[PDB]
Structure formats: C-alpha cells, structure tokens
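Shown here: structure.tsv, TSV, C-alpha atoms.
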chain	number	residue	atom	x	y	z
U	446	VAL	CA	-9.95	-39.20	-18.83
U	447	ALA	CA	-12.69	-36.57	-18.83
U	448	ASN	CA	-12.16	-33.50	-16.64
U	449	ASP	CA	-14.54	-30.76	-15.50
U	450	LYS	CA	-12.09	-28.27	-13.98
U	451	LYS	CA	-13.68	-24.90	-14.69
U	452	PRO	CA	-11.28	-21.93	-14.71
U	453	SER	CA	-11.31	-19.05	-12.26
U	454	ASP	CA	-13.42	-15.91	-12.65
U	455	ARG	CA	-10.49	-13.72	-13.69
U	456	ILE	CA	-9.33	-16.11	-16.42
U	457	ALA	CA	-12.74	-15.92	-18.13
U	458	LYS	CA	-12.15	-12.31	-19.23
U	459	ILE	CA	-8.73	-13.28	-20.60
U	460	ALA	CA	-10.29	-16.17	-22.52
U	461	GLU	CA	-13.01	-13.91	-23.94
U	462	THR	CA	-10.40	-11.35	-25.01
U	463	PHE	CA	-8.36	-14.10	-26.68
U	464	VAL	CA	-11.47	-15.38	-28.47
U	465	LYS	CA	-12.32	-11.87	-29.70
U	466	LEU	CA	-8.76	-11.33	-30.94
U	467	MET	CA	-9.01	-14.68	-32.74
U	468	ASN	CA	-12.23	-13.47	-34.37
U	469	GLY	CA	-10.50	-10.37	-35.73
U	470	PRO	CA	-12.13	-8.82	-38.80
U	471	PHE	CA	-13.93	-11.97	-40.07
U	472	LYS	CA	-17.40	-11.52	-38.61
U	473	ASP	CA	-19.38	-13.56	-41.16
U	474	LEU	CA	-18.69	-16.87	-42.87
U	475	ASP	CA	-20.53	-19.49	-44.91
U	476	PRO	CA	-20.37	-23.30	-44.92
U	477	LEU	CA	-18.75	-25.23	-47.74
U	478	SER	CA	-20.64	-27.53	-50.08
U	479	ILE	CA	-20.21	-31.29	-49.74
U	480	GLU	CA	-18.42	-31.62	-53.08
U	481	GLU	CA	-15.94	-28.86	-52.23
U	482	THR	CA	-15.23	-30.44	-48.84
U	483	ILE	CA	-14.72	-33.85	-50.49
U	484	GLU	CA	-12.24	-32.41	-52.98
U	485	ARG	CA	-10.67	-30.53	-50.06
U	486	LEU	CA	-7.44	-32.21	-48.94
U	533	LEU	CA	-18.83	-41.18	-42.82
U	534	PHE	CA	-18.02	-39.24	-39.65
U	535	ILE	CA	-15.02	-37.05	-40.51
U	536	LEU	CA	-16.81	-35.31	-43.39
U	537	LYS	CA	-19.69	-33.85	-41.36
U	538	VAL	CA	-17.37	-31.89	-39.07
U	539	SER	CA	-14.66	-31.29	-41.68
U	540	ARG	CA	-17.08	-29.49	-44.03
U	541	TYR	CA	-17.29	-26.67	-41.48
U	542	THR	CA	-13.94	-26.88	-39.68
U	543	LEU	CA	-11.80	-26.77	-42.84
U	544	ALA	CA	-13.60	-23.64	-44.02
U	545	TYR	CA	-13.35	-22.04	-40.58
U	546	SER	CA	-9.61	-22.74	-40.40
U	547	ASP	CA	-8.93	-21.53	-43.95
U	548	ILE	CA	-10.91	-18.32	-43.43
U	549	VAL	CA	-10.08	-17.21	-39.89
U	550	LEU	CA	-6.99	-19.15	-38.83
U	551	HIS	CA	-5.26	-18.46	-42.17
U	552	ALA	CA	-6.02	-14.72	-42.22
U	553	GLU	CA	-3.65	-11.75	-42.19
U	554	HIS	CA	-4.10	-11.00	-38.48
U	555	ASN	CA	-3.91	-14.65	-37.38
U	556	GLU	CA	-0.66	-15.71	-39.10
U	557	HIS	CA	1.44	-14.79	-36.05
U	558	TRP	CA	0.47	-17.92	-34.11
U	559	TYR	CA	-1.42	-20.38	-36.35
U	560	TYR	CA	1.56	-22.11	-37.95
U	561	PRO	CA	-0.44	-25.37	-38.28
U	562	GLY	CA	-1.50	-25.50	-41.92
U	563	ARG	CA	1.63	-24.71	-43.93
U	564	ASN	CA	4.23	-26.61	-45.91
U	565	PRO	CA	7.33	-27.98	-44.16
U	566	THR	CA	9.51	-25.46	-46.00
U	567	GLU	CA	7.19	-22.74	-44.69
U	568	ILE	CA	7.40	-24.30	-41.23
U	569	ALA	CA	11.20	-24.20	-41.34
U	570	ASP	CA	11.18	-20.59	-42.55
U	571	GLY	CA	8.78	-19.58	-39.78
U	572	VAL	CA	10.83	-21.38	-37.14
U	573	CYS	CA	14.06	-19.74	-38.30
U	574	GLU	CA	12.40	-16.31	-38.38
U	575	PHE	CA	10.98	-16.82	-34.88
U	576	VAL	CA	14.32	-17.95	-33.45
U	577	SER	CA	16.06	-15.00	-35.11
U	578	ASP	CA	13.48	-12.66	-33.58
U	579	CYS	CA	13.87	-14.22	-30.12
U	580	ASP	CA	17.69	-14.36	-30.42
U	581	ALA	CA	17.73	-18.10	-29.65
U	582	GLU	CA	15.70	-17.46	-26.47
U	583	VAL	CA	12.63	-19.69	-26.88
U	584	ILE	CA	10.70	-22.26	-24.86
U	585	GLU	CA	8.99	-25.46	-25.99
U	586	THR	CA	5.61	-26.78	-24.84
U	587	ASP	CA	4.80	-30.50	-24.86
U	588	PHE	CA	1.24	-31.50	-23.94
U	589	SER	CA	0.18	-35.01	-22.90
U	590	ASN	CA	-3.22	-36.13	-24.21
U	591	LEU	CA	-4.61	-32.66	-24.82
U	592	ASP	CA	-7.74	-33.99	-26.54
U	593	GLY	CA	-8.16	-36.32	-23.55
U	594	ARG	CA	-7.61	-33.55	-21.00
U	595	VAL	CA	-9.34	-30.40	-22.31
U	596	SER	CA	-12.15	-29.50	-19.93
U	597	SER	CA	-15.82	-28.92	-20.71
U	598	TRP	CA	-15.58	-25.21	-19.87
U	599	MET	CA	-12.60	-24.76	-22.19
U	600	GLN	CA	-14.31	-26.72	-24.97
U	601	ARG	CA	-17.56	-24.73	-24.69
U	602	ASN	CA	-15.90	-21.32	-24.22
U	603	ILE	CA	-13.01	-21.40	-26.72
U	604	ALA	CA	-13.75	-23.70	-29.66
U	605	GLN	CA	-17.55	-23.45	-29.63
U	606	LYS	CA	-17.43	-19.67	-29.17
U	607	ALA	CA	-14.90	-19.26	-31.98
U	608	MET	CA	-16.87	-21.45	-34.38
U	609	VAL	CA	-20.17	-19.73	-33.62
U	610	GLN	CA	-18.65	-16.26	-34.02
U	611	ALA	CA	-16.93	-17.28	-37.27
U	612	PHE	CA	-19.90	-18.95	-38.95
U	613	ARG	CA	-23.17	-17.43	-40.09
U	614	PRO	CA	-26.12	-17.30	-37.67
U	615	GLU	CA	-28.26	-19.49	-39.94
U	616	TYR	CA	-25.74	-22.33	-39.43
U	617	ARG	CA	-25.67	-22.03	-35.63
U	618	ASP	CA	-27.76	-25.13	-34.95
U	619	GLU	CA	-25.66	-27.46	-37.12
U	620	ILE	CA	-22.34	-26.25	-35.70
U	621	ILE	CA	-23.60	-26.39	-32.12
U	622	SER	CA	-24.88	-29.93	-32.67
U	623	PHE	CA	-21.53	-30.96	-34.15
U	624	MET	CA	-19.68	-29.45	-31.19
U	625	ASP	CA	-22.02	-31.23	-28.77
U	626	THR	CA	-21.33	-34.51	-30.57
U	627	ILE	CA	-17.60	-33.80	-30.37
U	628	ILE	CA	-17.75	-33.11	-26.62
U	629	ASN	CA	-19.48	-36.41	-25.79
U	654	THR	CA	-9.47	-32.88	-34.62
U	655	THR	CA	-6.58	-30.65	-35.68
U	656	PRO	CA	-8.18	-27.23	-35.08
U	657	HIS	CA	-9.02	-28.00	-31.45
U	658	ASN	CA	-5.36	-28.48	-30.49
U	659	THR	CA	-4.37	-25.22	-32.19
U	660	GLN	CA	-7.20	-23.38	-30.44
U	661	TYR	CA	-6.14	-24.80	-27.06
U	662	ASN	CA	-2.52	-23.81	-27.69
U	663	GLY	CA	-3.57	-20.30	-28.68
U	664	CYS	CA	-5.77	-19.99	-25.59
U	665	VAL	CA	-2.94	-21.10	-23.31
U	666	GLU	CA	-0.52	-18.69	-25.01
U	667	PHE	CA	-3.02	-15.85	-24.57
U	668	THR	CA	-3.47	-16.76	-20.90
U	669	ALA	CA	0.30	-16.78	-20.35
U	670	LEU	CA	0.69	-13.42	-22.11
U	671	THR	CA	-2.17	-11.91	-20.10
U	672	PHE	CA	-0.64	-13.14	-16.84
U	673	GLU	CA	2.80	-11.83	-17.80
U	674	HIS	CA	1.64	-8.30	-18.72
U	675	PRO	CA	-1.79	-7.59	-17.19
U	676	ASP	CA	-1.52	-3.83	-17.85
U	677	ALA	CA	-1.17	-3.97	-21.65
U	678	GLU	CA	-4.02	-3.86	-24.13
U	679	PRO	CA	-5.33	-7.29	-25.20
U	680	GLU	CA	-4.71	-6.65	-28.90
U	681	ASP	CA	-1.08	-5.69	-28.29
U	682	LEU	CA	-0.68	-8.68	-25.97
U	683	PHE	CA	-2.03	-11.09	-28.59
U	684	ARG	CA	0.09	-9.53	-31.35
U	685	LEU	CA	3.12	-11.16	-29.65
U	686	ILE	CA	1.75	-14.72	-29.99
U	687	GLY	CA	4.52	-16.89	-31.38
U	688	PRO	CA	4.25	-19.94	-33.64
U	689	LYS	CA	1.92	-22.67	-32.39
U	690	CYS	CA	1.02	-25.97	-34.08
U	691	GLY	CA	-1.17	-28.42	-32.18
U	692	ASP	CA	0.67	-30.17	-29.35
U	693	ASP	CA	3.87	-28.25	-30.19
U	694	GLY	CA	4.55	-24.53	-30.05
U	695	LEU	CA	7.03	-21.79	-29.27
U	696	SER	CA	6.94	-19.04	-26.66
U	697	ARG	CA	9.18	-16.54	-24.91
U	698	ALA	CA	11.45	-17.96	-22.22
U	699	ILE	CA	10.51	-15.16	-19.79
U	700	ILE	CA	7.29	-16.98	-18.83
U	701	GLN	CA	8.91	-20.37	-18.29
U	702	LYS	CA	7.89	-20.58	-14.62
U	703	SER	CA	4.56	-18.76	-14.93
U	704	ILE	CA	3.33	-21.17	-17.62
U	705	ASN	CA	2.92	-23.95	-15.05
U	706	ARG	CA	0.65	-21.77	-12.89
U	707	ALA	CA	-1.48	-20.88	-15.92
U	708	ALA	CA	-1.85	-24.56	-16.79
U	709	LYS	CA	-2.84	-25.31	-13.19
U	710	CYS	CA	-5.45	-22.54	-13.29
U	711	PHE	CA	-6.99	-23.98	-16.47
U	712	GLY	CA	-6.40	-27.50	-15.16
U	713	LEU	CA	-3.95	-28.66	-17.85
U	714	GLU	CA	-0.56	-30.33	-17.49
U	715	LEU	CA	2.37	-28.58	-19.19
U	716	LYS	CA	5.92	-29.74	-19.90
U	717	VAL	CA	8.52	-27.05	-20.61
U	718	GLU	CA	12.22	-27.26	-21.41
U	719	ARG	CA	14.73	-24.42	-21.67
U	720	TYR	CA	16.35	-24.03	-25.08
U	721	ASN	CA	19.89	-25.46	-25.08
U	722	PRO	CA	22.14	-25.02	-28.14
U	723	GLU	CA	24.31	-27.95	-27.02
U	724	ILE	CA	21.43	-30.44	-27.34
U	725	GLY	CA	19.52	-28.57	-30.06
U	726	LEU	CA	15.91	-27.45	-30.09
U	727	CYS	CA	12.92	-29.80	-30.18
U	728	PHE	CA	9.91	-28.76	-32.27
U	729	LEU	CA	7.41	-30.91	-34.19
U	730	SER	CA	9.71	-33.91	-33.68
U	731	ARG	CA	12.31	-31.88	-35.61
U	732	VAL	CA	15.78	-30.93	-34.37
U	733	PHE	CA	17.35	-27.61	-35.36
U	734	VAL	CA	21.12	-28.15	-35.37
U	735	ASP	CA	22.00	-24.43	-35.31
U	736	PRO	CA	18.92	-22.20	-35.68
U	737	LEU	CA	21.00	-19.05	-35.12
U	738	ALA	CA	22.66	-19.31	-38.55
U	739	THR	CA	21.42	-22.30	-40.56
U	740	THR	CA	17.91	-23.67	-41.08
U	741	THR	CA	19.06	-27.28	-41.48
U	742	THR	CA	16.73	-29.63	-39.63
U	743	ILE	CA	16.44	-33.36	-39.02
U	744	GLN	CA	14.07	-35.91	-37.51
U	745	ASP	CA	14.00	-35.99	-33.72
U	746	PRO	CA	16.75	-38.44	-32.65
U	747	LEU	CA	15.56	-38.94	-29.08
U	748	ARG	CA	12.12	-40.22	-30.09
U	749	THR	CA	13.08	-42.35	-33.10
U	750	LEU	CA	16.51	-43.86	-32.41
U	751	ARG	CA	15.28	-45.85	-29.40
U	752	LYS	CA	12.40	-47.26	-31.47
U	753	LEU	CA	13.51	-47.21	-35.12
U	754	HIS	CA	14.88	-50.76	-34.89
U	755	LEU	CA	11.38	-52.07	-34.08
U	756	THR	CA	8.66	-51.80	-36.73
U	757	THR	CA	5.06	-51.20	-35.63
U	758	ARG	CA	3.38	-52.12	-38.91
U	759	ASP	CA	0.42	-54.47	-39.04
U	760	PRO	CA	1.24	-58.19	-39.29
U	761	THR	CA	-0.35	-58.63	-42.72
U	762	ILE	CA	2.29	-56.47	-44.44
U	763	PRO	CA	5.65	-58.16	-45.12
U	764	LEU	CA	8.48	-56.70	-43.06
U	765	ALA	CA	10.43	-55.76	-46.21
U	766	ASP	CA	7.71	-53.49	-47.62
U	767	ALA	CA	7.21	-51.67	-44.30
U	768	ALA	CA	10.97	-51.20	-43.87
U	769	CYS	CA	11.28	-49.94	-47.46
U	770	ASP	CA	8.48	-47.41	-46.93
U	771	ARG	CA	10.04	-46.28	-43.64
U	772	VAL	CA	13.48	-45.81	-45.19
U	773	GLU	CA	11.97	-44.04	-48.21
U	774	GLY	CA	10.28	-41.58	-45.87
U	775	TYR	CA	13.51	-41.18	-43.92
U	776	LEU	CA	15.37	-40.40	-47.15
U	777	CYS	CA	12.61	-37.93	-48.04
U	778	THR	CA	13.10	-36.20	-44.67
U	779	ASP	CA	16.45	-37.26	-43.13
U	780	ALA	CA	18.74	-38.06	-46.06
U	781	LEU	CA	21.89	-36.49	-44.58
U	782	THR	CA	21.37	-37.17	-40.87
U	783	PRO	CA	24.15	-39.08	-39.08
U	784	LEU	CA	23.35	-42.43	-37.43
U	785	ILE	CA	20.13	-42.64	-39.46
U	786	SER	CA	21.40	-42.63	-43.06
U	787	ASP	CA	23.55	-45.71	-42.41
U	788	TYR	CA	20.60	-47.57	-40.87
U	789	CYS	CA	18.37	-46.59	-43.80
U	790	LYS	CA	20.97	-47.70	-46.35
U	791	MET	CA	21.50	-51.02	-44.57
U	792	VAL	CA	17.73	-51.61	-44.49
U	793	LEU	CA	17.58	-50.82	-48.21
U	794	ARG	CA	20.47	-53.22	-48.83
U	795	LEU	CA	19.06	-56.11	-46.78
U	796	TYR	CA	15.25	-55.91	-46.97
U	797	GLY	CA	15.36	-54.16	-50.35
U	798	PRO	CA	15.95	-57.05	-52.75
U	799	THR	CA	13.81	-59.36	-50.60
U	800	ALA	CA	10.87	-56.93	-50.65
U	801	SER	CA	7.94	-57.19	-53.05
U	802	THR	CA	7.26	-55.02	-56.09
U	803	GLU	CA	6.96	-51.32	-55.33
U	804	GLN	CA	3.94	-50.92	-57.61
U	805	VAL	CA	2.25	-53.68	-55.59
U	806	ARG	CA	2.80	-51.72	-52.38
U	807	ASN	CA	1.73	-48.51	-54.13
U	808	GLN	CA	-1.57	-50.24	-54.96
U	809	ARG	CA	-1.84	-51.50	-51.35
U	810	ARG	CA	-3.56	-49.70	-48.49
U	811	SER	CA	-0.77	-50.04	-45.91
U	812	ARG	CA	1.65	-47.98	-48.04
U	813	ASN	CA	0.68	-44.74	-46.27
U	814	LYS	CA	0.60	-46.21	-42.74
U	815	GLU	CA	4.22	-45.31	-41.91
U	829	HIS	CA	22.30	-28.45	-46.27
U	830	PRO	CA	25.65	-30.13	-46.99
U	831	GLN	CA	27.69	-27.15	-45.77
U	832	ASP	CA	26.93	-27.77	-42.07
U	833	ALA	CA	27.35	-31.55	-42.09
U	834	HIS	CA	30.00	-31.30	-39.36
U	835	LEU	CA	27.73	-29.16	-37.18
U	836	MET	CA	24.79	-31.52	-37.76
U	837	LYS	CA	27.00	-34.46	-36.77
U	838	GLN	CA	28.05	-32.73	-33.55
U	839	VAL	CA	24.46	-31.70	-32.79
U	840	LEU	CA	23.27	-35.28	-33.26
U	841	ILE	CA	26.07	-36.52	-30.99
U	842	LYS	CA	25.03	-33.98	-28.34
U	843	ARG	CA	21.38	-35.03	-28.74
U	844	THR	CA	22.22	-38.72	-28.34
U	845	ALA	CA	24.97	-38.21	-25.71
U	846	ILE	CA	27.30	-40.55	-27.60
U	847	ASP	CA	31.05	-39.95	-27.76
U	848	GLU	CA	32.55	-39.15	-31.14
U	849	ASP	CA	34.82	-42.20	-31.01
U	850	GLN	CA	31.79	-44.25	-29.95
U	851	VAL	CA	29.79	-42.69	-32.79
U	852	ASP	CA	32.49	-43.66	-35.29
U	853	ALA	CA	32.60	-47.21	-33.89
U	854	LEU	CA	28.81	-47.49	-34.18
U	855	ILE	CA	28.89	-46.16	-37.75
U	856	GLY	CA	31.57	-48.68	-38.68
U	857	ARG	CA	29.61	-51.52	-37.08
U	858	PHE	CA	26.39	-50.55	-38.88
U	859	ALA	CA	28.06	-50.24	-42.29
U	860	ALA	CA	29.99	-53.52	-42.05
U	861	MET	CA	26.94	-55.62	-41.10
Any chance you could give the structure as structure tokens?
Amino acid sequence: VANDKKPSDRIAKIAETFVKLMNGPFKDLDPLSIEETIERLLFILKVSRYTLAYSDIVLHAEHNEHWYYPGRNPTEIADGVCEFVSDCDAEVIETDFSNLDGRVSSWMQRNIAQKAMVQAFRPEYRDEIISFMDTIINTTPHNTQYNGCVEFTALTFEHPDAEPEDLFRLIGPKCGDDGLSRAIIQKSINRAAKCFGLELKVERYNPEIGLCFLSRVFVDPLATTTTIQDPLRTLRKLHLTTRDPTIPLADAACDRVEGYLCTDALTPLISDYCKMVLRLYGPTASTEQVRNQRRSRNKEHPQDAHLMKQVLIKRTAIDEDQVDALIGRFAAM
C-alpha cells in the first residue's frame, strides 16, 4: 500500500540533521567490484554491490555503532542487548513496525535513504545510485535507516534544545523492524510516527513476561544474558509446518528441530517437542546428506534453568502444574 504522506516543515530539519549525523566523517566512498560483491556474503546483485559497501563503510563505522546493531553476530547481538539493558537499568521500550517497506513514504525514501547513499558514495557514481534508488521506489539497509530516522525524530522531539550531535549520540540499538529506545518517550513516539505517517506499536518492558527483541526473549536481562526463541510467536504455530509440499514432512521437521537445538536447546516446552519430533519423524526421514544436497534445506546457560522456566511460564501464561502436565503429556506420546 503506497503512501505519499510528506512530513511537516519542522521535521525536515530534524531529518537533515539525522542524515548529516549518519554521514559522520565518511565523506567519500567507492563502489565495489562485481567479483568482490559476489564473494561478499540477477536483480539483487546490482543494488547489493553498492549497498553492502555503503553499510560496511558508514553503518559499521566508529561513530555509527551506537544504533546500527544490524550486521553483527548473535553473540554480539546478545552482548549489545545486555549492555544496553544494563545502561538503561531495565528501563527500555520495544518498537514493532507493520510492513515498513510497504508503508515508507516517497518523501522519506527520497530524503533519508537516497540522501545518505548519495552523500556516502563518490560523485562519479551518482547516476547509477540514483537510478537504482528510483528503481527501488517504483532491502535490509532501508529498514535500519528508517528506524534510525524515527529514533532521531523521537530524540529531537524529546529534547529540542540540545545539539543534534549530542542528541544522536544517545541512539540505542536498532535492527530493522526491531529496536530499543528509552521508555521516557513511550507516548511521544506515537505522535512522531503520525507526523511522518507511520504506524508504531510500543510495549512497556515487563520483567514478569520478559522482553521481546528480534523474536528473542531475555529471561532476566538484569543479571544473565540467557536468551531463547520468542514463545508467543512460535508456540501457537510450531505444530504446523509451512514447508513446500514437495519436501517430505520428516526432512522439514528434522531441519526445524535442528535449528531449534542450535538456538533453543535448553528452552522449556520446546525441547520436549523437538525431541519428540526427532524421535518420531527422525527414523522415518530421508538421508541427511540428501537433504544437505537439496535446495529446501535452508528454507526453514544451565545455571538459570529455573528462572528460564518461570520466564517461559510467565510468557505463555500457563500454570506450573499445567506446565508439568503438558510436559508429561508431550514426553509420553
């Protein structure tokens, strides 16, 4: 659903200041060769060749590590999240956007992303990048840029008397559709989204139900960095498999449970399901080398185990006796 909601006059100066702060000290850049882009990490290649270099140079710089979390290993993500929650003393807010790529306006697209790319890249490459942006208007970096712009707008609205550089220095971790911010702008974020024309969903941090971030649940971010898959999103749908019909059910289930072990080995109410899938569909599945040579293969802390159990129960609103009964039923099947 395309939208053409231009922002107000005042917000334009805030957006320009945010873009300039994003530019930082990297005035000049050069495009990457086709071979280097191909070995990095059709239609994706032509934009990737420039966008990967732009991200790696500007968005992964010294003065842009405060907010651009997108682009780091999951261990690095967990470390950053724990550091941010320690800094904010467990006072953080979560942002959940609905169809951001389908809702970003033309003015935002042509005044944030296009401006940033043109300022980052060399003048001799202006035509190619502008043509690529025009083709885009009619991937990953766009969401991060939108999140950074919205964070800058919120910070500018919260403290209009501070210098833009100091305001932007407080930008918290942001990664695409998910991000973190101070809880003091919980109500003012909705007005900023309305001014830009975006829809924002915000939820106050609650230790009883855990914290939601990148479909990951932090059981107790104050002390431990233990983290698990989001139970709210996956439990209601994990019993149904959305793989293509051509794949046997056993191979898809095996890949799903292998990923779950790789990410959620010691999570209550999921380990039992994964083990029962491995016990039932496991022997009936095909050879694992066969599925490793098949395209659809990629189409999918012990100390606080008690606390993780209680946090999962709080997340799923299931009584402990009910949880034990469910665990017994799952294991005995």
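Shortest separation to residue 734 of chain U among U:468, U:721, U:668, U:705 occurs at residue U:721, atoms counted being all atoms listed in the file.
Using all atoms listed in the file for every distance, the candidate list U:747, U:609, U:690, U:460 yields U:690 as the residue closest to residue 556 of chain U.
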Give me, as number ranges by chain, all polymer residues having an atom no more than 8 Å from residue 683 of chain U, counting only C-alpha atoms and skipping those fewer than 3 positions away in the same chain.
U: 463, 466, 667, 670, 679-680, 686
Just to confirm, what's the straight-line distance from atom CA of residue 726 of chain U to atom CA of residue 743 of chain U in Å (one decimal)?
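Calculated distance between atom CA of residue 726 of chain U and atom CA of residue 743 of chain U is 10.7 Å.
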Skipping near chain neighbours, those fewer than 6 positions away, what residues fall within 12 Å of residue 795 of chain U using only C-alpha atoms, listed as a ChimeraX atom specification?
/U:764-766,768-769,772,788-789,859,861
How far is it from atom CA of residue 622 of chain U to atom CA of residue 540 of chain U, in Å with one decimal?
13.8 Å
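Checking U:459, U:776, U:483, U:804 one by one against residue 673 of chain U, counting all atoms listed in the file, you find the shortest gap at U:459.
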Excluding residue 783 of chain U and residues on its chain fewer than 6 positions from it, collect all residues at most 10 Å away from it, counting only C-alpha atoms, and give them as a PyMOL selection string.
chain U and resi 743+746+833-834+836-841+851+855
